[PDB]
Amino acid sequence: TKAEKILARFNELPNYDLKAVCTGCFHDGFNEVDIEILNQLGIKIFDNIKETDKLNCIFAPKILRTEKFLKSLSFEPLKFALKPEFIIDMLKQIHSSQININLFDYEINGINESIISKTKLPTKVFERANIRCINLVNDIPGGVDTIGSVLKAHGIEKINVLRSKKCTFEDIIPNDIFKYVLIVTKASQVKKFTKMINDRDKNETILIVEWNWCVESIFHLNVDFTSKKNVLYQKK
């Protein structure tokens, strides 16, 4: 309606083909007209992530530890990671002919071409890393449900949640290299799991890490097993 009018002034409207979510921006959302204008430029911003929407883009001010940002690094592929100013400056321009904006002026820092291009690979970061099944303490910040959803988007097949305190060796699943992989928060957890596994499956390989180990692996789309950062314990 009012949008057709605004856009009618334009001749060669680009189709950007962006199927995006946003994080840490656009907190006011968009009015009906801006959504229609965007649609015309082939831009849609989805409120939630759905596999069927074939998302290929994230808007964010910077690298953020959010569920959406982390998952965006599992898009197939991730086409662009852009600052919200791209949308803001484009709309302001249209609201005043032709659109001249350089999409490449708005790339998020630290999300470089080498990383983005890893999303074109046939594998996910944890599949490449041979971490198929993982154990996750249930006391983990953010809630076990969101952590697991992120880890599964990034190639982990089985997320086993361990009851804090209550658990025994039988509750632990192996990884089908490290036979046992655990994500913990407390150093008393590290000792408890080391004892338990050496008692019940002695001489088996173990990797115990904290959440930041995964997060950093995602941010780089590579697990560097030679690194000692965020590794709490390992037996190989």
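Residues carry their position along the shown sequence, with the first being 1.
K.L.:
Please classify the coordinate gap between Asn102 and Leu103 in terms of deposited residues: none, 1 to 3, 4 to 9, or 10 or more.
P.N.:
Missing residues, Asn102 to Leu103: none.
K.L.:
Can you tell me how many deposited residues have no coordinates between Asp176 and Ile177? The categories are none, 1 to 3, 4 to 9, and 10 or more.
P.N.:
Count of unmodelled residues in between: 4 to 9.
K.L.:
Determine, for stretches 165-173 and 179-187, which one has the higher mean CA B-factor as deposited.
P.N.:
In the deposited entry, the stretch with the higher C-alpha B-factor mean is 165-173.
K.L.:
So, looking at the entry's B-factor column for Cα atoms, which has the higher mean, 123-131 or 136-144?
P.N.:
Comparing 123-131 with 136-144, the higher mean C-alpha B-factor belongs to 136-144.
K.L.:
Compare the CA B factors listed in the entry for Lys71, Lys118, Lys83, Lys92 and report the winner.
P.N.:
By C-alpha B-factor in the record, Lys92 ranks first.
K.L.:
Rank-wise, by C-alpha B-factor, drop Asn212 into the lowest, middle or highest third of its chain.
P.N.:
Middle third of the chain for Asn212's C-alpha B-factor.
K.L.:
Based on the entry's values, in what third of the chain does the Cα temperature factor of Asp17 lie: lowest, middle or highest?
P.N.:
Bottom third by C-alpha B-factor.
K.L.:
Is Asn222 in the lowest, middle or highest third of its chain when residues are ranked by C-alpha B-factor?
P.N.:
Bottom third by C-alpha B-factor.
K.L.:
Taking the values exactly as deposited, rank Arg65 by C-alpha B-factor within its chain and report the matching third: lowest, middle or highest.
P.N.:
As the PDB entry reports it, the C-alpha B-factor of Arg65 lands in the middle third of its chain.
K.L.:
Going by the CA temperature factor in the PDB record, which third of the chain does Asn39 belong to: lowest, middle or highest?
P.N.:
As the PDB entry reports it, the C-alpha B-factor of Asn39 lands in the middle third of its chain.
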